[PDB]
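Here is the structure we will look at, set down as structure tokens.
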Amino acid sequence: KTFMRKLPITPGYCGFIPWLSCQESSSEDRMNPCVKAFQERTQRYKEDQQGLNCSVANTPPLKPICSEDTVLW
Amino acid sequence: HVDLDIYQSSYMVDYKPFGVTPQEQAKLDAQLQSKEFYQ
Amino acid sequence: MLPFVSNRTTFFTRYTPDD
Amino acid sequence: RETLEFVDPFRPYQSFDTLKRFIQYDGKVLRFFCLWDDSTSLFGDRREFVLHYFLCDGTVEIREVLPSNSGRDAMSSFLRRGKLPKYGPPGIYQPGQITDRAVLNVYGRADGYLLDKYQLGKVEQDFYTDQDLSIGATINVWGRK
Amino acid sequence: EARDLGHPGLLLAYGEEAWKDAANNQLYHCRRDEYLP
Amino acid sequence: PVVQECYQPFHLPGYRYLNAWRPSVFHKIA
Amino acid sequence: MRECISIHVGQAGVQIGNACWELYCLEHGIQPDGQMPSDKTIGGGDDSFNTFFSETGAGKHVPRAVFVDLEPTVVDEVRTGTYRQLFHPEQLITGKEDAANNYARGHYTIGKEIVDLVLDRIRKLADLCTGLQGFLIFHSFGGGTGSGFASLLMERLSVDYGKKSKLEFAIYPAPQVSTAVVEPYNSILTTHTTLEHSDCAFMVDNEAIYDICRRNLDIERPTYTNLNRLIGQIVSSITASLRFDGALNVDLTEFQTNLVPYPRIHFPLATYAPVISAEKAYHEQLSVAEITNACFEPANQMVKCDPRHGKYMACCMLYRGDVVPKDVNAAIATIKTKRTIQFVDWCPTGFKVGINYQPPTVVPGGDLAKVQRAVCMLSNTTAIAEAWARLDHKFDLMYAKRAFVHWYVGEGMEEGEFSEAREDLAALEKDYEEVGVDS
Amino acid sequence: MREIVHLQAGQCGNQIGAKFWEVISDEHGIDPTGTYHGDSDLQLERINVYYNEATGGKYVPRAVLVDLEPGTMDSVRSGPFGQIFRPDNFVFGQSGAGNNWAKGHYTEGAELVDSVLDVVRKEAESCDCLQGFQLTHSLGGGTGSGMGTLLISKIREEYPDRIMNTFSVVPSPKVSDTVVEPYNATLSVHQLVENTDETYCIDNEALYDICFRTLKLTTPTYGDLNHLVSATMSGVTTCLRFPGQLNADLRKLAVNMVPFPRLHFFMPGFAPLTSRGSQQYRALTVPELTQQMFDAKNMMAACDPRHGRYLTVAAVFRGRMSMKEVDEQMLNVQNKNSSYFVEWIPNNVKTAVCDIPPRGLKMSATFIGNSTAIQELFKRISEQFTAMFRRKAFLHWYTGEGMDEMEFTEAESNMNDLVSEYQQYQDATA
Amino acid sequence: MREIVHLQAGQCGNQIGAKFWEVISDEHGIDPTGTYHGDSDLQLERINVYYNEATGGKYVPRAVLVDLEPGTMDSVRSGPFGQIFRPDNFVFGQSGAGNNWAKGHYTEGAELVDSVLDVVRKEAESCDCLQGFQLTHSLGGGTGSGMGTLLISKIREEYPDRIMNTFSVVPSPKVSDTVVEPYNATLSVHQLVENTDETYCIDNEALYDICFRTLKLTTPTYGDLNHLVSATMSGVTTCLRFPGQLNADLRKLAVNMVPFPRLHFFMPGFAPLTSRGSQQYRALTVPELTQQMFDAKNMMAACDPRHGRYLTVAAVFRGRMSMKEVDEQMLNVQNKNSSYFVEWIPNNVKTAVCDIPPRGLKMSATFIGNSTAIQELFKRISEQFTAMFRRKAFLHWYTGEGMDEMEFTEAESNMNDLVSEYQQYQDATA
Ligand SMILES: Nc1nc2c(ncn2[C@@H]2O[C@H](COP(=O)(O)OP(=O)(O)OP(=O)(O)O)[C@@H](O)[C@H]2O)c(=O)[nH]1
Ligand SMILES: Nc1nc2c(ncn2[C@@H]2O[C@H](COP(=O)(O)OP(=O)(O)O)[C@@H](O)[C@H]2O)c(=O)[nH]1
Ligand SMILES: Nc1nc2c(ncn2[C@@H]2O[C@H](COP(=O)(O)OP(=O)(O)O)[C@@H](O)[C@H]2O)c(=O)[nH]1
Ligand SMILES: [Mg+2]
């Protein structure tokens, strides 16, 4: 499917590692737990964004009841 | 609206971990038996 | 429409025998 | 009857206009008071926005109300006047993907274009309206609740 | 229920009069029945 | 679905006060 | 943020200011009392009303304008008008005696009594603003107050704010109809200051507007207020880019630079379109190509000259409303492919396009219809120089027999200044002829 | 590592760069809030190229916004992707330039260059290894044509080795919205030739030409024109941010695109441009991409290279396709149109491939080319600069700033010297 | 491989071509969306002959529609199969010719032919090995009879070796809807004789006679006439698209059927034409087919073959039959009607068999023949053309477009030389 980083990436890595995100979240200053932390963090964010989106879809429309000419009047 | 195979790289579309008809392979297994155990 | 007052009918506008 | 000996005297022609809504509604603007919590996202706090729906065209503009000792830059407006998407942030469409008048081809001057009757590629778009927005509901303002 | 307005620009031209024109006496029996084919 | 209805202009014999002589309305209990 | 101050002078300035400030209060939605409507909330943007109004702590907006006149009656009606609580009592400045159609009276005898008054109240308004874009001045060359008391004012304004722009909207004497006879005497003497103490002029005569209103707007018995509403439309179209956003926001400095090639040539000609009544407006479709054509006929100029007799040299546009940029470009290409419209040899590209969003508002009880799109033109051309020649012809025939001079001499005018200004206007006329020559 | 400093000057630069940051935020899966909603890790592998990192998983753009007029900054901040930018990166003055090059370059530019230099120096040291700076502005304005050239001058002294690419907007004679436009352009192209590694000449009229006939848009606004520019800018660094079958970067083309340091003016192109009605009819294939590449219609500057000779050609392909179907067609287009290529350089074409196509599309390609036709653009400014300078018109605005007259003479002299040697390379025997 | 591009000029060609693209699509099972909803494999094997591939499994016709008026394009687009056609292939002007051959060929056609030749060149280079083009037009129109000859006059020069076919519609004297009808025809037939490989003369009046009697429709609209024509193009290329026991194509028939290059006018025919009532009262067999086309009532041209000699005869068959039966019915008809066949050419008939019949029908055949009867159709026009030209009537409309008078005389002279040589071949001794 889409690219996921398999966990044991070698230490001599020249790539973006969310050091500040892992350090504010939990754990220690290592990329092997860091990248997993960022992964399920962004998965959780996608989850609640989808929840908000489906709630907005859930909200139903209402009846225009009356004519726009009378509304203008 | 958007695809996901847009996100494909040459490296891991080319190199992947490695993973004829059953009547034919069964026939060849019988052929192997009828020689290895043949007297 | 059904002229009879069946179970299909919902309103029923009539007088009381009192009236 | 349906194919060999069927006729059509008229040719279809769709037309748009906005001046009816413009000269009918014009200055009528619906105003609503908003709240977006940001306490979840680390250094975030409650913000008091103000929503404006323009009945003339259907666009939405959002202002903000700051406290007294607010450290913000005293911005004029959070969002400009535009049609707010309702399903979240839509992906960037291709250049020219969203059009108004579907056209067959150039009259091959400089003002010539033939509108094809069969609309073929339509980028369906959902936007908030006064119909959608009410009191008590929650609105996804470009990803914000 | 207001009357059918003309072209709204012409209504603005005409003014307030073309806005002004628009806006138990007898017993009756009634009914309604809502059915699904 | 589909709705249908009918009306009938009944007429009291004398010009009576047409505010106390109103036919009652019956609704379905369901 | 951009801010502008109005220094309307005299009866012509005050009457124009009543119509213009009525338009601004409707444009932003201001009540006559001053406060924003707590009930209705047309529009948005606190910065949108900051170019003209200055909101106070209580919430009321105070206009940035100075009403000055040497006769009290013209301002007293504003003091008892509908917008009395809107305008500042300090901002309204009156005088006991007027110049009585005398340039010398308002420049040396009656003006100097009151200069220290208006200068500081101007300074107070300038101290309220942070970044002042410039000054708009409205007056007339006929009356003494609008001419004499003006001419000293921006002379002192020039030495107080050297870099601040000073726009000039003024009433020229009409070629045929005149409301006074000593008017050319004030007209000739005032023309010096609009040369070395001005940045742009907005020359307009009352008769040319009279022709436009009777032909397009069907008003066969027009009044001064109908003239003042169109003038209000001109200035609002100029400052539309500052008030609201647009694709091509154009500041006053932007169009000053692309209108004035030489320091002595700062007299562009204005044009406004569409100017149509309500019944005709919806009957005729209006387009960007059509409204830009309406800017080009000689019959639609609010000056009495034929540009076909002259040469377009610097020409500025101000589109407004539901405008689309090709229709601007396709209109310009259509304009250029006309032998009837000619340009100078040294300006192959002389167009200044400005695009705004908000369509022009219509004041109720007015004459212009509600239109979706509009256009403003500021075409500087050399055909205006003929109008100065007619004034010189009228001045010369009067100057020869020494008529009315004892009024000016008795005020404290040296008679040689009358001759000196005449040579200045001769020199300015030749300067326009120099540009008309093609290499 | 490989970071880009995005400079942004003038109203044209502010609107174009705002459209640019919207485009690549979609490409990198960044919401207007600032978080990352992308699904694959390839969207976030080299996000440090354009985005700086902030706490709470927030990515802030590495751009500096400058304009002498505070009005345009309000419009950018109130954008859809308006709050993503940093207010400290907003640097603005109180007085505009009024389309006057001299005011923005000397008088009013001096008060704001220091604060701008502070931000870009901070943002330079924030990244650890910067590839170079990227500036978008207009050559007919007062700030971008003015102060923008001044910022070009100061940075090269500070950082000589770093590359700059400029996607400047070159004014058109057929449609013009400024009368002093010849003055500002002629005083800016002098600063470009001295200090610029690569220029991309963008003309608004050619964009209007594309929208009317290629894309069939009845009422496209400036956002659609900025959309085509933003797509072009993303198509240059697409090989840099993502892995590719044959990798390249800005310097790979820049070394290969500059035979001589005076010639760094390139005209860009974008391949997949068709009306929304005929998208189903068009077959996305390599032959149709190349035919849409090499026609005089598709190209977004104001010159016809049928009148010139193609010096060097760069083609960057987005997505996975065939290099064979690539390299053949560059060979076929080389052999068929032999007269339009110079003879002293065989193999004028440079090809680069990035395996990731843009969002919402399956293939795309960006064309960058240096040809003799760009000299037609400069000489047509000489006809309008010299004719109006001959009468000394519109001079006191520039003279009132304190500048001399010899600057106009030397700017025309350098530009006339530029086109003459540019003409010389056209008539060159192999 | 073997591709055909369909040119579409004039209202008559537009309506006929729309039905032609309608008919061949159900044979290939293409829905009005443009997908393939057919069932059999050979139904989608050679679709590249007429169709071009598009993304998403979409097939588009290789058709170019040209008309001087945009009104007919709206109707053809409004046609049910108009969605299939590519939008950019619609090339059309603003003002028509008004049935003036003068205006279409010279005055207004010159402004359009450039836009035409770019598109057809694009179709030409889209395919690899083009067999030929296909044009449908009327000889009495203003666009088809006029600029239609202009296009084929051009298309010979750049593409000489390709096969040139046109399904022209020939005017009838008995039913005429145009007064300047022979004026257009005489100036057109000169263009066909110089530059055309084969011309099929279709008469509207002969279509009516077939509709009156053979199928006895009481309301034959133009759709039925076009459909009877629409069967014919399907019959001449059915051996090309589908395999047969004895294969053939356009070149195979053309070489065997043109004995001398000046004679390229042919009478087409279709076999299975019956009334709905008498479908029961029929015995579908090789001889029953063979009796049908050899009756002159079946011919859709306006000339009786019994008044001349059959030069060449070609019958292409559709369906599975016996070589013995078709060969023998070939042989008997040659023996019995000996006088109607020429003597210096033995074995005047050529036969082709395609195994695949039409869907829903068990058998079909198409007859195409060169006979001496066609020169009656030519001389009858000269009896008209001389009458108007003697009094110089209807001339200033042609003279007003800037041409001379001599082009009328040489066109008649070429027509005179054609029939005189044609008459000579009739009176030839073996
Ligand atoms: N267009 C227009 N012109 C006006 C208006 N009011 C006055 N004028 C012109 O002003 C000229 C006379 O000057 P006024 O404005 O009346 O008086 P003043 O400017 O105060 O100067 P003094 O008369 O000396 O006091 C007349 O010839 C008018 O043409 C106005 O409301 N609209
Ligand atoms: N293509 C394009 N050009 C623009 C846009 N916005 C402004 N421009 C151009 O910028 C020029 C004016 O620049 P200006 O605002 O004076 O630049 P500044 O003085 O540096 O702020 C005009 O000629 C426009 O063509 C845009 O969104 N797209
Ligand atoms: N058989 C047939 N003939 C047609 C059809 N439509 C038009 N025609 C003929 O075309 C002739 C008129 O052609 P015209 O419209 O002037 O052609 P144009 O000028 O090239 O567009 C008439 O004589 C008709 O008989 C059709 O659908 N079928
Ligand atoms: Mg007065």
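Going by what the header records, the deposited coordinates were determined by electron microscopy, 3.5 Å.
A Cβ is built for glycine as well, from the same backbone N, Cα and C atoms used for every other residue.
Given the ranges G:1-4, G:97-100, G:377-380, the record in Swiss-Prot names G:1-4 as motif 'MREC motif'. Record check: Swiss-Prot places G:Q11, G:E71, G:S140, G:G144, G:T145, G:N206, G:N228 at the GTP site, and the matching candidate among G:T41, G:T179, G:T257 is G:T179. Within 10 Å of G:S140 (GTP binding site), judged by CA to CA distance, lies none of the modified residues G:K40, G:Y432, G:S439. A Cβ distance under 8 Å defines the sequence-distant neighbours of the motif 'MREC motif' (G:1-4), meaning residues of its chain 6+ beyond its ends; these are 47, 50-52, 64, 129-136, 239, 242, 251. Counting every protein chain shown, the number of other Cβ atoms lying within 10 Å of the Cβ of G:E254 (active site) is 26.
In this structure, G:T179 (GTP binding site) belongs to neither helix nor strand by DSSP; it is coil. The most densely surrounded of the recorded positions G:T145, G:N228, G:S439, judged by C-beta neighbours within 10 angstroms, is G:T145. In terms of DSSP helix, strand and coil, the motif 'MREC motif' (G:1-4) has 0 helix, 3 strand, 1 coil. Taking a C-beta cut-off of under 8 angstroms and a sequence separation of 6 or more, G:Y83 (3'-nitrotyrosine) has the following same-chain neighbours: G:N18, G:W21, G:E22, G:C25, G:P32. Taking a Cβ distance under 6 Å to any atom of ligand 1 as the criterion, the recorded positions G:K40, G:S48, G:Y83, G:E254, G:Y432, G:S439 reduce to none. In the three-state DSSP assignment, the secondary structure recorded for G:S439 (phosphoserine) is coil.
Within 10 Å of the C-beta atom of G:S140 (GTP binding site) sit 27 other C-beta atoms, taking all shown protein chains into account. Counting only the Cα atoms, the space from G:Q11 (GTP binding site) to G:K40 (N6-acetyllysine) is about 34 angstrom. The most densely surrounded of the recorded positions G:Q11, G:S48, judged by C-beta neighbours within 10 angstroms, is G:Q11.
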